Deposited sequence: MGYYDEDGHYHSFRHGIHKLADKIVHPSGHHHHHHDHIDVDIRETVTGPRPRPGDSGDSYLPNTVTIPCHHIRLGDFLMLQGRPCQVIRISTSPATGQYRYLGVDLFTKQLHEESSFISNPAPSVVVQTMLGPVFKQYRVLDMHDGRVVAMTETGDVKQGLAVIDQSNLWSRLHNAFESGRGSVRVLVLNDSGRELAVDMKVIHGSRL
């Protein structure tokens, strides 16, 4: 959300007139561990919540019925196809944004990579044994190359599907 010039907070979880549901809101827009993303910042390959599921976007189009953006995606866990249209947020007069929901990632350190899985560490030292790596975009190979050349620098980006955890991307921290 944002603050206006008078100090009032406005949330893009609000539809046509933390934040709480108001008339015109969708209960779908308050899913936990999700952030609102304006549609113009969404590109092919991005990760989005489609029908409540974490998906990789593979098609962006416009619905002729409504004129809003429509997103086709592949479930990161089940590999099923999902489809969802944007929802129109109008938090304040003349502020109208087509929005989508995206997942919140957790960053873990990588301690070991063996038998197709990683041993990861959370920020607080919690050791994650047998963390699966998504078979997508050659992630395991790039993860393992960066691991072999510098292990304290490698992080996995992890999503949680009601208890089932998946490393879906990586990051190399520099500086």
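- In this chain the deposited sequence has gaps in the coordinates at 1, 19-47, 206-208, listed in sequence order.
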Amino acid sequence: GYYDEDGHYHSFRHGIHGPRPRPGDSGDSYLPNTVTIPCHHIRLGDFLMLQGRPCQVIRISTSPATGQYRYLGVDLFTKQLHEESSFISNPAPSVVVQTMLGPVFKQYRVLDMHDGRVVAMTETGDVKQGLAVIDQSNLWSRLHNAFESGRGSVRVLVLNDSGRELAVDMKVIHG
From here on, numbers count along this sequence of modelled residues.
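- For the pair 150-158 and 163-171, the record assigns the higher mean C-alpha temperature factor to 150-158.
- Averaged over Cα atoms, the B-factor as recorded in the entry is higher for 25-33 than for the other of 25-33 and 51-59.
- Per the deposited record, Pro64 carries the highest C-alpha B-factor of all listed residues (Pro38, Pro64, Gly45, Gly125).
- The deposited CA B-factor of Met113 belongs to the highest third of values across its chain.
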